[PDB]
Each structure stands twice: as structure tokens, then as C-alpha cells.
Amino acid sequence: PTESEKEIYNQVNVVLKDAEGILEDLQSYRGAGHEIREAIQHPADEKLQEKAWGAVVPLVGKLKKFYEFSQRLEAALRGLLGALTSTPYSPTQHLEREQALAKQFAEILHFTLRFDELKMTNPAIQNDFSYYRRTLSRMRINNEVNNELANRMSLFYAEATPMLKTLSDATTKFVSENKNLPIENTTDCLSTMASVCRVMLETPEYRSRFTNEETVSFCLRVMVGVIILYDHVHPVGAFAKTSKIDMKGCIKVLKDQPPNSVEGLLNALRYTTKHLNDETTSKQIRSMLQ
């Protein structure tokens, strides 16, 4: 255990304990839909405007929290990748370190997908911040969320899967500043994790210690996580017929789950992927995703 690597483990662990609180905040996000729709439709009504404002300021407090955290997560991940791609694989000598770094990467992706699932099912978030930004521009007449931050946040929340796109960008950037390392070291981290996830899902017998909702829910979300990172940073990507990812098998295990459990995860594959809409991707895997 290096001082550098205990610093990354320290850093990421603070980040990951905060991550459950972020999920709490997002889960309890009411939205200001009602207030805004009425305020907008009766713009002379000075009372309906205070209401909409009152309701929106707290929510944009959370939206700022979420976005700021995404920057912390972004950095935490590129931390992990640096550490967890540099030294070769050692099952005998240095396993505890690898297992520990693998654990934290998986836990990042578990949060990431859970956050994005809830975002995609929240009708309010984009409209809330849209109303905020215009009402901010009214109050600035008579005279902190500065303009350029707000433009970044607007784009963040325009994303189907904000957190996951943040992380695919963060992974694309990592390979970029480490052209010295072969691409395989990163791609093989993602591909092994994807494959191990599939094993834990597929290999266990019916009704063993391995087949609890907690395990299945976790492994599905890590799998889809790393599949999509891989799709972005692997030249040929995840959808090519002889890709080490076997997308077809990954989608099939998703299709095997209760519909409402994994519809968020299927949408991530639809929207936040790079190579899905390619002439060279199986019309069968297209078929499955429409």
C-alpha cells in the first residue's frame, strides 16, 4: 500500500460515503412543476410568482450540490484509473490493493447508475432549473450561481444519464493524458469487471447465497456501467460482433429481469452509448433495444 494509493483510497472513500446522501437528496426531490406551470400561465399574478420562486430555490440548491459532486466523482475515478492500471495484475503478491480499488470503482458505478435512473424518472429537474435561470435574470435587473456554471449545469441536466456521461468523458480524458500506457490496461479493467459481473449473475444456481436482490441489483448496474465506459474508450467498442464484451449476452440478462427493474439501464444503453447506432451492430441487438 503506497502513500499515493492510500490518498486515492482516502479521497474516494469520503466521496463514496457522501454518495448515499446525494441519492437521499435526489430520492426526496419533489420538484416545483405545479408552482411553475401556474406562475407561467398567470404571469401578472404576483403571488403565483413568489410561490414558484420560493419552491425552486431549495431544489436548485440540491441541483448545485449534485453537479458539484459530479466533479468530485469525475476526479475520484481518474484517481482510481491511474492507480488501478499502472502496476500489473498480481493475484499472489498485491491482491488486497487490487480488490480494494476494484471495489471502489464498482461502488462509483453503482451510485452513478442509481442516480441517473432516478434523474430519468424525475419530470421536474430540467424545467425547475430552466425557470430558475429566467427568474434569476429578472432579479438581476434590480440586482452565488454565476452564468458560465449555470450553462455547464444546463448541459449536465440535458443529458439522459448525467453522471454516467460525466464518467465516460472522465475515462475518455484519462486515456488522453496517459497515451504512454497501452489502451488494453484500461479496456481490460472494464472488460474483466463486465465479465465477472456476468458470472455472478449467470453462474449461481437458483436460490443460493449469491441470488439475493442486493447482489443482482448491484452487478447489473456495474456491468452496464463498465460496458458503456468501454464502448467510449475502446476503438471498436462494445457492439462489434467479436467484442470481448458480448453485448447480446449482457442485454439478454437485462431482459431476464423484471421489466421495471432495468428499464433505466436499457435507456442508458439506448442514449449514452457511442456505437449502438452503427451499421456494423447486430440488427438483433437493435431489435432488443427498440
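One-based numbering along the sequence shown.
Colleague: Which class describes the count of deposited residues lacking coordinates between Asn143 and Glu144: none, 1 to 3, 4 to 9, or 10 or more?
Modeller: The entry has a gap there, with 4 to 9 residues left out between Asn143 and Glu144.
Colleague: Where do the C-alpha atoms have the higher mean temperature factor in this entry, in 174-182 or in 120-128?
Modeller: Looking at the record's C-alpha B-factors, the answer is 174-182.
Colleague: Could you check which stretch, 91-99 or 75-83, carries the larger mean CA temperature factor in the entry?
Modeller: Of 75-83 and 91-99, the stretch with the higher C-alpha B-factor average is 91-99.
Colleague: For the C-alpha B-factor as written in the entry, point me to the maximum among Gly237, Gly225, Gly264, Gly61.
Modeller: Max CA B-factor in the entry, restricted to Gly237, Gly225, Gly264, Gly61: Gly237.
Colleague: With respect to the C-alpha temperature factors reported in the PDB entry, which of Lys244, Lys65, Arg221, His42 ranks highest?
Modeller: The record points to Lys244.
Colleague: Taking the entry's C-alpha B-factors for this chain, is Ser217 in the lowest, middle or highest third?
Modeller: Lowest third.
Colleague: Using only modelled residues of the chain, where does the Cα B factor of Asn260 rank: lowest third, middle third or highest third?
Modeller: It falls in the top third of the chain.
Colleague: Relative to the other modelled residues in the chain, which third contains the C-alpha temperature factor of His275: lowest, middle or highest?
Modeller: Middle third, going by the recorded CA B-factors of the chain.
Colleague: Would the CA B-factor of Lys47 place it in the lowest, middle or highest third of its chain?
Modeller: Highest third, going by the recorded CA B-factors of the chain.
Colleague: Among the modelled residues of its chain, does the C-alpha B-factor of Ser195 lie in the lowest, middle or highest third?
Modeller: For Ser195, the deposited C-alpha B-factor lands in the lowest third.
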